[PDB]
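See structure below.
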């Protein structure tokens with residue numbers, strides 16, 4: 001199942017380096033790690049899905065104001081928005097509207113999907129959120145810095161580079177988010193689903209969570225659920241919340 | 001030594017997927033891989049160094065015209081330059097002068113070194129070459145898309161994300177280049193050297209090189225050499241070619 005994720009938890013506990021924030025909050029961390037999941041063998045999520053789905057739909061709309069999330073009962077970005085609900089040019093703005101010099105704007109999602117379809121052997125099927133000149137305008141710097149697709153033998157793969165990860169609290173959500181994006185893009189490009197690859201820079205566990213982590217490490221692993229998408233969706237921008245069902 | 005690199009070669013040979021370019025040139029490829037080297041155990045380069053060093057010095061100057069390389073006997077970028085020797089805003093221009101909207105320019109090398117020194121626990125010590133809006137002006141899209149530093153227990157680590165790699169012909173050069181950058185930055189920030197981590201998207205071997213790869217796989221491994229830098233260099237922009245000596 002997700003034994004590789006459990007191995008990452010144990011590695012940080014056994015071998016990670018201890019650090020302390022200015023606020024006195026301790027973490028233990030490693031640097032450089034890689035996980036992968038064959039998505040034909042199940043969806044890599046243990047047990048919430050509503051926040052994952054709406055955040056992805058929000059990204060794909062190009063929206064960086066939290067109103068869409070709040071109107072769908074999703075509060076995960078509330079703490080970072082200004083009084084108008086704005087976050088600055090975070091993920092959605094870079095995915096759909098990367099802003100450069102000379103009024104250049106790039107819809108990276110539309111470009112990369114067109115290239116998967118027309119040039120599947122491309123070795124540069126990349127979307128980046130790390131827009132250096134715009135990061136000071138963002139509520140926070142992108143944790144999910146860039147990702148890359150790959151096509152082989154009719155199967156679409158995706159690799160994420162994540163600069164920093166709370167392995168206990170954040171990584172389960174992070175894995176599910178980009179694995180689901182892979183399933184969505186595979187469907188609308190007519191490909192079967194391949195591997196989801198998750199590469200990490202800093203990986204950390206908070207010292208206050210060591211007890212909870214040790215308990216999850218000793219839990220019996222369950223089978224992975226199955227994620228079923230509405231097969232009628234043929235456009236990456238045409239997904240809706242009810243098009244997703246997680247089973248078993 | 002570098003058995004992990006040999007394992008990568010064998011994995012592609014055994015399990016990679018075969019593809020054909022428009023020109024009929026075949027490759028075998030995998031997607032998603034990660035290598036790492038503890039740089040205190042030796043420099044990860046088998047046997048050239050002159051091109052590696054001058055290319056890095058060129059990058060750090062912010063130069064994207066090949067004249068500096070040609071004047072130092074280095075021809076590795078000749079095939080991509082225009083008639084004036086220009087490559088457009090490739091690595092050196094993004095490292096030292098990332099161009100965004102509203103006349104925003106960012107010296108990413110100076111920023112990241114200042115942050116290693118002043119904020120070593122930072123989880124966003126990142127340099128990116130993937131300047132989406134400027135890639136059409138480049139002679140080719142960056143193979144080395146971004147990299148990230150990390151500090152723990154007085155040791156500096158670096159991770160590279162490489163979107164595409166010729167594992168037989170290019171990767172030995174690629175590893176040496178960014179491992180050497182780590183040693184240079186560690187020295188001028190007063191830190192000991194930690195791990196070099198190399199993450200890959202597409203990894204490929206050309207079918208025409210299978211015989212050569214199999215022969216290198218059966219070769220007896222030698223000890224790693226030692227890279228010695230002039231300890232008097234305290235500024236990342238103050239290195240010269242004679243400041244490097246590879247020993248043993």
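Laboratory data are not the source of any read-out in this text; all were calculated from the coordinates shown. Neighbour counts are summed over all protein chains in view; Cβ atoms, including those assigned to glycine, are modelled from backbone coordinates with ideal geometry.
Against the definition (away from chain B (no Cβ under 13 Å), surrounded by 14 or more Cβ atoms within 10 Å (Cβ to Cβ) and farther than 17 Å from residue A:179 by Cα), how does residue A:69 come out, yes or no?
Here the answer is yes, as residue A:69 does meet what is asked.
Go over the candidates B:167, B:185 one by one and state the one that is away from chain A (no Cβ under 12 Å) and within 13 Å of residue B:108 (Cβ to Cβ).
B:185
Does residue B:27 satisfy the condition of being in a loop (DSSP other than H, G, I, E, B) and either within 11 Å of chain A (Cβ to nearest Cβ) or within 24 Å of residue B:215 (Cα to Cα) (or both)?
For residue B:27, the condition - in a loop (DSSP other than H, G, I, E, B) and either within 11 Å of chain A (Cβ to nearest Cβ) or within 24 Å of residue B:215 (Cα to Cα) (or both) - is not met.
Among the residues of segment A:96-111 satisfying the criterion of being at the interface with chain B (Cβ under 7 Å from one of its Cβ atoms) and over 21 Å from the mean Cα position of the chain (by Cα), which is farthest from residue A:189 (Cα to Cα)?
Across segment A:96-111, the extreme among qualifying residues is A:101.
Return the residues of segment A:99-108 that are in a loop (DSSP other than H, G, I, E, B) and farther than 16 Å from residue A:60 by Cβ; say none if nothing qualifies.
A:100, A:101, A:102, A:103, A:104 - these are the residues of segment A:99-108 that are in a loop (DSSP other than H, G, I, E, B) and farther than 16 Å from residue A:60 by Cβ.
Residue by residue, here is whether (1) in a loop (DSSP other than H, G, I, E, B); (2) within 7 Å of chain B (Cβ to nearest Cβ); (3) crowded, with 20+ Cβ neighbours inside 10 Å holds:
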| residue | (1), (2), (3) |
| --- | --- |
| A:136 | no, no, no |
| A:148 | no, yes, yes |
| A:158 | no, no, yes |
| A:172 | no, no, no |
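Might you check whether a residue that is surrounded by 21 or more Cβ atoms within 10 Å (Cβ to Cβ) and either in contact with a strand residue (DSSP E or B) (Cβ under 8 Å, 6 or more places away or on another chain) or in a helix (DSSP H, G or I) (or both) occurs anywhere in segment B:204-217?
There is at least one residue in segment B:204-217 that is surrounded by 21 or more Cβ atoms within 10 Å (Cβ to Cβ) and either in contact with a strand residue (DSSP E or B) (Cβ under 8 Å, 6 or more places away or on another chain) or in a helix (DSSP H, G or I) (or both).
I need a count of the residues in segment B:113-126 that are touching a helix residue (DSSP H, G or I) at 6+ places or on another chain (Cβ under 9 Å), surrounded by fewer than 22 Cβ atoms within 10 Å (Cβ to Cβ) and within 11 Å of another protein chain (Cβ to nearest Cβ).
The number of residues fulfilling the criteria is 2.
What number of residues in segment A:48-75 are within 15 Å of the chain's Cα centre (by Cα), in a loop (DSSP other than H, G, I, E, B) and closer than 28 Å to residue B:132 by Cα?
Summing the residues that are within 15 Å of the chain's Cα centre (by Cα), in a loop (DSSP other than H, G, I, E, B) and closer than 28 Å to residue B:132 by Cα in segment A:48-75 gives 0.
Test residue A:231 against the criterion of being out of contact with any strand residue (DSSP E or B) (no Cβ under 9 Å at 6 or more places or on another chain), under 30 Å from residue B:149 (Cβ atoms) and not in a strand (DSSP E or B), and give yes or no.
No: the conditions fail for residue A:231.
Scan segment B:204-215 for residues that are within 14 Å of chain A (Cβ to nearest Cβ) and either touching a helix residue (DSSP H, G or I) at 6+ places or on another chain (Cβ under 6 Å) or over 22 Å from residue B:163 (Cα atoms) (or both) and jot them down.
B:205
Among the residues of segment B:85-98, is any surrounded by fewer than 16 Cβ atoms within 10 Å (Cβ to Cβ) and in a loop (DSSP other than H, G, I, E, B)?
Yes, the conditions are met somewhere in segment B:85-98.
Taking segment A:79-138, which residues are on the phi > 0 side of the Ramachandran plot and touching a strand residue (DSSP E or B) at 6+ places or on another chain (Cβ under 6 Å)?
Of everything in segment A:79-138, just one residue is on the phi > 0 side of the Ramachandran plot and touching a strand residue (DSSP E or B) at 6+ places or on another chain (Cβ under 6 Å), namely A:85.
What about residue A:187, is it farther than 27 Å from residue A:50 by Cα and either more than 16 Å from the chain's Cα centre (by Cα) or outside any strand (DSSP E or B) (or both)?
Taking the combined requirement at face value, the residue does not satisfy it.
Which condition number does residue B:84 fail, the rest of (1) within 17 Å of the chain's Cα centre (by Cα); (2) more than 14 Å from chain A (Cβ to nearest Cβ) being met?
The number of the failed condition is (1).
Can you say whether residue B:45 is within 20 Å of the chain's Cα centre (by Cα), assigned to a loop (DSSP other than H, G, I, E, B) and within 19 Å of residue B:176 (Cα to Cα), as far as the supplied structure shows?
yes
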